[PDB]
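To start, the structure under review is shown below, and the notes come after it.
Each reported figure results from applying straightforward, stated rules to the coordinates on display, with no laboratory input. Cβ placement follows ideal geometry from the backbone for every residue including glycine, while neighbour counts extend to all protein chains displayed.
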Amino acid sequence: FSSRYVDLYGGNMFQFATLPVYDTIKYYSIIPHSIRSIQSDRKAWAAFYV
Amino acid sequence: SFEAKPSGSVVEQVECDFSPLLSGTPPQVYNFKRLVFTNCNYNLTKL
């Protein structure tokens, strides 16, 4: 479900995609991404909250 | 009391392909395989 697909301002959750996975998932990982940039390029980064 | 008479039923109608279901190797019952269909016309009579 993504709020951006329907109303970004509303924040309401509307399904945008369906994933055909029928396997039970017992674990997840978050924020493994990293930025490669020079010192001038570095800027404050927004964060994701679970 | 009197009741109205039903008439002019309104049905709103893209034919989803069923070829993957009838093609390839069916997986075992533990590996159950299903295809999700939404917003698509169906031909159960052909199957």
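Round to the nearest 0.05 the FRET efficiency obtained for A:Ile30 and B:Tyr30 when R0 = 35 Å and r is the Cβ-Cβ distance.
0.65
Compute the Kirkwood hydrodynamic radius of chain B, taking the inverse of the mean of 1/r over all pairs of distinct Cα atoms, and give it in Å to one decimal.
Mean inverse Cα-Cα distance, inverted, gives 14.7 Å.
Cα to Cα, under 20 Å, and not fewer than 8 places away if on the same chain: which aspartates and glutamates meet these conditions relative to B:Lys33?
A:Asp23, B:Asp17
For chain A and segment B:1-23, compute the distance between their C-alpha centroids and round to whole Å.
Distance between centres, Cα-based: 38 Å.
So which chymotrypsin sites (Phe, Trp or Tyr not before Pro) in chain A pass both tests, a DSSP loop state and at most 16 other Cβ atoms within 10 Å of the Cβ?
Qualifying residues, ordered by number: A:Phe1, A:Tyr9, A:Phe14, A:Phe16, A:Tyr22, A:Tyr27, A:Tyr28, A:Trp45, A:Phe48, A:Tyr49.
Counting only the backbone N, which residues of segment B:16-47 are under 11 Å from the spot 7 Å out from the Cα of A:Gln15 toward its beta-carbon?
Answer for segment B:16-47: B:36-39.
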